[PDB]
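Asks: Below you'll find the structure I mean.
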Amino acid sequence: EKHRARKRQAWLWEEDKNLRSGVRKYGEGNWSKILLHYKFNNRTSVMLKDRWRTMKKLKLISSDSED
């Protein structure tokens, strides 16, 4: 709805940070906790899961290389 146009909009800077810090602070696979701890604009456990999975797999977070 909050776009009133085709193609889903991307995630917000603040939300990505919230999620990143959330997973780092409380671990992965606890979207409910993350969602409650950090103040997201309009997200759900499903959107958090989607975003993180897509990010770690395709938007290669990295910063954990052996060398």
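As shown in the structure tokens, the chain order sets the letters A, B, ...; within each chain, residues go from 1, and ligands are also counted from 1 in the order they appear.
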If DSSP is run on the backbone, what residues of chain A are alpha helix (DSSP H)? A reply as JSON, numbers by chain would be ideal.

Replies: {"A": [13, 14, 15, 16, 17, 18, 19, 20, 21, 22, 23, 24, 25, 26, 31, 32, 33, 34, 35, 36, 37, 45, 46, 47, 48, 49, 50, 51, 52, 53, 54, 55, 56, 57]}

Asks: Determine, counting only C-alpha atoms, which protein, DNA and RNA residues have an atom within 8 Å of an atom of segment 49-62 of chain A; residues of the same chain fewer than 3 positions away are not included. Present the result as a PDB file with C-alpha atoms, in the first residue's frame.

Replies:
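Final output, saved to around-v7.pdb:
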ATOM      1  CA  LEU A  19      17.896  -6.214  11.897  1.00  0.00           C
ATOM      2  CA  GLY A  29      16.094 -17.595  14.044  1.00  0.00           C
ATOM      3  CA  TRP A  31      12.496 -12.892  14.498  1.00  0.00           C
ATOM      4  CA  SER A  45       8.740 -11.925  11.473  1.00  0.00           C
ATOM      5  CA  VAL A  46       8.163 -13.101   7.872  1.00  0.00           C
ATOM      6  CA  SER A  65      36.546 -14.019   5.835  1.00  0.00           C
TER       7      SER A  65
END

Asks: Suppose you want the space between atom CA of residue 15 of chain A and atom CA of residue 40 of chain A; what is it in Å?

Replies: 5.8 Å

Asks: Can you pull out the residues contacting residue 2 of chain A? Cut-off 10 Å, using only C-alpha atoms, and skip same-chain residues under 5 positions away; I want them as a list in words.

Replies: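 These residues fall inside the cut-off: residues 8, 9 and 42 of chain A.
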
Asks: Near residue 30 of chain A, within 12 Å and counting only C-alpha atoms, which residues show up once chain neighbours fewer than 3 positions away are dropped, as a compact mmCIF listing (two decimals) with C-alpha atoms, in the first residue's frame?

Replies:
# COMPACT_ATOMS: atom_id res chain seq x y z
CA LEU A 19 17.90 -6.21 11.90
CA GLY A 22 19.30 -7.57 16.25
CA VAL A 23 20.76 -10.78 14.76
CA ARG A 24 24.22 -9.89 16.14
CA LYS A 25 22.77 -9.24 19.65
CA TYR A 26 20.18 -12.08 19.92
CA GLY A 27 21.43 -14.57 17.27
CA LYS A 33 12.50 -11.26 19.72
CA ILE A 34 14.33 -9.05 17.17
CA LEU A 35 10.98 -7.49 16.07
CA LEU A 36 10.07 -6.71 19.72
CA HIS A 37 13.54 -5.41 20.72
CA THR A 44 6.84 -8.77 10.46
CA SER A 45 8.74 -11.92 11.47
CA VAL A 46 8.16 -13.10 7.87
CA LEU A 48 12.62 -10.10 8.79
CA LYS A 49 13.25 -13.76 7.81
CA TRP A 52 17.95 -11.65 6.31

Asks: Could you check how far atom CA of residue 12 of chain A sits from atom CA of residue 41 of chain A, in Å to one decimal?

Replies: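 Atom CA of residue 41 of chain A lies at a distance of 8.8 Å from atom CA of residue 12 of chain A.
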
Asks: So what do you get for atom CA of residue 43 of chain A versus atom CA of residue 7 of chain A, distance-wise?

Replies: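 A separation of 17.0 Å between them.
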